[PDB]
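Novice: Quick one: the structure is below, questions incoming.
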Amino acid sequence: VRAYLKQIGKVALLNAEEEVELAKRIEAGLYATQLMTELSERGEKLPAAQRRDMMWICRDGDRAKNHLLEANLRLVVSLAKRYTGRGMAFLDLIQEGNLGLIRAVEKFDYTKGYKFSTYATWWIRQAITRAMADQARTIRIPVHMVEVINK
Amino acid sequence: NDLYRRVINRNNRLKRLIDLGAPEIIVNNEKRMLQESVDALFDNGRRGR
Amino acid sequence: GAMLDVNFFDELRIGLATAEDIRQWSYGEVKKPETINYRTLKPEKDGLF
Amino acid sequence: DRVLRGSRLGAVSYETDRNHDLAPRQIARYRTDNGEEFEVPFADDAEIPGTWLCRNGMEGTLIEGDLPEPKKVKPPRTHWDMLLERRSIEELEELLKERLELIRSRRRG
Amino acid sequence: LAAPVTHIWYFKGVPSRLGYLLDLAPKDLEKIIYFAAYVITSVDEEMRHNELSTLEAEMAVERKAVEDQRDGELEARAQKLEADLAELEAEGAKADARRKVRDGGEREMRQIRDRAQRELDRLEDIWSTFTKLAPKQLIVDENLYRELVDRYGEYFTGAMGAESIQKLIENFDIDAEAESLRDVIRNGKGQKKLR
């Protein structure tokens, strides 16, 4: 845990405009690799310089996505810290928060004009709660009976 | 059964992350907790806690 | 010949495991962290039981 | 002081282990991807599916080439498709060409 | 299991049997098997041998461009320092505050050349460690490992963790080390013979 804190100490923090720019780079890289595959199979002629610079576009978008996740790792730790003592230890909650971060960063739009953390908090909390429901007990209980147990 | 269940959860989550494609911080943290879980299964209390 | 376990022993030799020997021992691969159903009290599929 | 009772979930019969007049058995053979036979003794009156789970780790198919059907498998949620469900072709291609122009002006100078 | 994992009996129970086999410290094996330090599996020698000359020429050219950047920054800061000299000396006032901008420009030139010396030391360090490339070498500071990847990422293979230990043991013939240990215990003496 302390090693993970030192590992997430390396990251930085961004703002909403930079998040929108990162999403633009991500979608441009995804279009770039879709076009790369599209001209790979049954293609006519892949341009060398255009293929090189759109490969660099794809790599730039991938590294942008990586640094975005690294930036939001501290946020998801601070979000996941409010679930101690409920079945699992902290690490399972951390990794479920990482899964929720992946799902939210897939399901995010750059024309929202919304803060990424405020967007993703519902997804993170949803993933953590449903995984707590799945891995709460020795015998698995369906979520509706879990709900009425909570009630 | 609790230890076996824990190792099952960590292994399935790592398999899901490795088919998904994830950054190395996430992947190697998952590998580290899997390794710690296996050690806790074989001899609980030797290293760490 | 420790398969049918005849009543005639000469030596007991301990060695070292291999992955091939383990998967040759096993009768399947457990992949779910499920033990019993909460209501019908019957064992689950591809779980610990 | 404290003496309890209990039983595992299961009942126990008492028969005789005769080994002659058993049910008639068909022996079926399956095969995984990595050349792994798994001999499956079924009943003689038994339907044989083309695929069967084995200890090897996967659903090993039949050793026959009679049922080779690979059809119903697809990834239903790709990031490209769920990008397409929210973003249009001209907007995405405009973003792509803007980033291509930016990286041309950056790498080229 | 999706990724390999080592035993606990062959690592933690002192004496560490794996550490005795591969000749490492046990605490320095802990960093490998608990994912906190990089360890190089294998490194080429012939390709590295000719790329010693060719990439030392490349390294010297890169250091020359780095030094050109350094003297350009030093000349720009010195021109700003001479501008501070001209725009302090032109007004006749108390020169104590007029020496403060000059000392700030001198300190700026000092930190420019000091940071340039530090990145020059970084270049020297990555080339020196590439010349020092041997198997069973721990590499801490994975950012510096990434520097090794982007510059000299070829001519060697590295990994990290239980699968790295697996690769190491797979590329480990015991007979040569057995004969070496036989020769050591037959000829020498002392702590190395006891080990």
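Protein chains in written order, with the numbering used here: chain F, -10 to 140; chain V, 23 to 71; chain C, 19 to 67; chain W, 2 to 110; chain E, 29 to 223.
Idealized CB from N, CA, C, for every residue including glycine.
Quick check on the DSSP output: the alpha helix (DSSP H) that includes E/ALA93 runs from which residue to which?
Specialist: Here the alpha helix (DSSP H) through E/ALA93 covers 74 to 117.
Novice: Beta carbons nearer than 8 Å to chain W: which residues of the stretch 25 to 47 of chain C have them?
Specialist: If the cut-off is 8 Å between Cβ atoms, the stretch 25 to 47 of chain C has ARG41, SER44, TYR45, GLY46, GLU47 near chain W.
Novice: Give me the Cα-Cα distance between F/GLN(-4) and V/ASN31, rounded to the nearest whole angstrom.
Specialist: The alpha-carbon atoms of F/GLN(-4) and V/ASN31 are separated by roughly 23 Å.
Novice: For the structure I just gave you, are there three or more beta carbon pairs, one from the stretch 7 to 23 of chain F and one from the stretch 49 to 62 of chain F, closer than 8 Å?
Specialist: Yes, since at least three Cβ pairs between the stretch 7 to 23 of chain F and the stretch 49 to 62 of chain F fall closer than 8 Å, the two stretches touch.
Novice: Would C/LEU22 count as contacting chain W if we go by Cβ distances under 8 Å?
Specialist: No - not a single Cβ of chain W is within 8 Å of the one on C/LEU22.
Novice: Do E/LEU172 and E/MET137 have their C-beta atoms within less than 8 Å of each other?
Specialist: No, they are not a contact pair.
Novice: Which runs of the alpha helix (DSSP H) fall wholly inside the stretch 50 to 98 of chain W and span at least 4 residues, in chain order?
Specialist: Fully enclosed alpha helix (DSSP H) runs of 4 or longer: 80 to 85.
Novice: So what's W/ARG109 in DSSP terms, helix, strand or just coil?
Specialist: Of the three classes helix, strand and coil, the one that applies to W/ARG109 here is coil, per DSSP.
Novice: Within 8 Å of any Cβ in chain E, is that where the Cβ of V/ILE47 sits?
Specialist: With 8 Å as the cut-off, V/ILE47 does not count as an interface residue toward chain E.
Novice: According to DSSP, simplified to helix, strand and coil, what is W/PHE43?
Specialist: It is a strand residue.
Novice: Compare the Cα-Cα distances from E/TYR62 to each of E/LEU209, E/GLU207, E/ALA190, E/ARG223 and report the closest residue.
Specialist: The shortest C-alpha separation from E/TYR62 is found at E/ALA190.
Novice: Name the residues in the stretch 95 to 115 of chain F whose C-beta lies less than 8 Å from a C-beta of chain W; which are they?
Specialist: Hits within the stretch, in order: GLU95, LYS96, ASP98.
Novice: Between W/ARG9 and chain F, is any beta-carbon pair separated by less than 8 Å?
Specialist: Not one chain F Cβ lies under 8 Å of W/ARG9.
Novice: Between F/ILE113, F/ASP123, F/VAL132, which lies nearest to V/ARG28 when the distance is taken from Cα to Cα?
Specialist: Residue F/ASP123 is the option with its Cα nearest to V/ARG28.
Novice: Determine the chain F residues that contact C/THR53 at a beta-carbon separation under 9 Å, and present them in chain order.
Specialist: Those within 9 Å of C/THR53 in chain F are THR127, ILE128, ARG129.
Novice: When the Cα atoms are used, what is the spatial distance from E/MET87 to E/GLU101?
Specialist: Each residue's Cα considered, the two are about 21 Å apart.
Novice: On the three-pair Cβ rule with 8 Å, is the stretch 64 to 79 of chain F touching the stretch 39 to 50 of chain E?
Specialist: Result no; under three Cβ-Cβ pairs closer than 8 Å.
Novice: Using only the alpha-carbon positions, how far apart do E/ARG146 and E/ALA123 sit?
Specialist: Cα to Cα, E/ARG146 sits roughly 34 Å from E/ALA123.
Novice: With a threshold of 8 Å between beta carbons, is C/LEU66 in contact with chain W?
Specialist: It does not; no Cβ of chain W falls within 8 Å.
Novice: If the criterion is Cβ atoms closer than 8 Å, does the pair V/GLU58 and V/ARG35 meet it?
Specialist: Cβ distance not < 8 Å, so V/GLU58 and V/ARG35 don't count as in contact.
Novice: Mind pulling the chain C residues with CB within less than 8 Å of F/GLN124?
Specialist: Going along chain C in sequence order, the residues near F/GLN124 (Cβ under 8 Å) are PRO51.
Novice: Using C-beta distances below 8 Å, list every residue in its chain close to E/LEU196, excluding the 5 sequence neighbours before and after it, in chain order.
Specialist: So the list reads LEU50, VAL67, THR69, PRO163, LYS164, once near-sequence residues are dropped.
Novice: Using the rule of at least 16 other Cβ atoms within 10 Å of the residue's Cβ for burial, across every protein chain shown, is residue 68 of chain C buried or exposed?
Specialist: Residue 68 of chain C cannot be examined here, being either before or after the span of chain C that is shown, 19 to 67.
Novice: Might you give, ordered along the chain, the residues of its own chain that have their beta carbon closer than 8 Å to the beta carbon of W/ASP45, omitting 5 neighbours on each side?
Specialist: The residues are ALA24, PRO25, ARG26, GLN27.
Novice: Using 8 Å as the Cβ pair cut-off and three pairs as the minimum, do the stretch 78 to 87 of chain E and the stretch 205 to 215 of chain E touch?
Specialist: Judged by Cβ distances under 8 Å, the stretch 78 to 87 of chain E makes no contact with the stretch 205 to 215 of chain E, as fewer than three pairs qualify.
Novice: Can you pull out the residues from the stretch 171 to 195 of chain E whose beta carbon lies closer than 8 Å to at least one beta carbon of chain V?
Specialist: Hits within the stretch, in order: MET188, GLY189, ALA190.
Novice: So F/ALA93 contacts chain W; which residues on that side make the cut at Cβ distance below 7 Å?
Specialist: Simply none; closest approach about 12 Å.
Novice: Report yes if the CB atom of V/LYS37 is closer than 8 Å to the CB atom of E/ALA104, and no otherwise.
Specialist: In this structure, E/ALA104 does not lie closer than 8 Å to V/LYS37 by Cβ.
Novice: Is F/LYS96 closer than 8 Å to F/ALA5 when the C-beta atoms are compared?
Specialist: Their beta carbons are not under 8 Å apart, which means F/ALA5 does not touch F/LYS96 by this criterion.
Novice: Would a check of beta-carbon distances place W/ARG6 closer than 8 Å to chain C?
Specialist: Answer no: the Cβ-Cβ gap between W/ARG6 and chain C never drops below 8 Å.
Novice: Give a yes or no on whether 8 Å exceeds the smallest Cβ distance from F/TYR20 to chain W.
Specialist: It does: the Cβ of F/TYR20 has a partner Cβ on chain W nearer than 8 Å.
Novice: Please determine, among F/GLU59, F/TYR99, F/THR100, the residue with the shortest C-alpha to C-alpha distance to F/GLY86.
Specialist: Of the listed residues, the one whose Cα sits closest to F/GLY86 is F/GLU59.
Novice: Under 8 Å between the Cβ atoms of F/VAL9 and F/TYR99?
Specialist: Contact: yes.
Novice: Report the three-state DSSP secondary structure of W/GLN27 (helix, strand or coil).
Specialist: Strand.
Novice: If you measure from the beta carbon of F/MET43 to each beta carbon in chain W, is any gap under 8 Å?
Specialist: Closer than 8 Å to some Cβ of chain W, the Cβ of F/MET43 qualifies, so yes.
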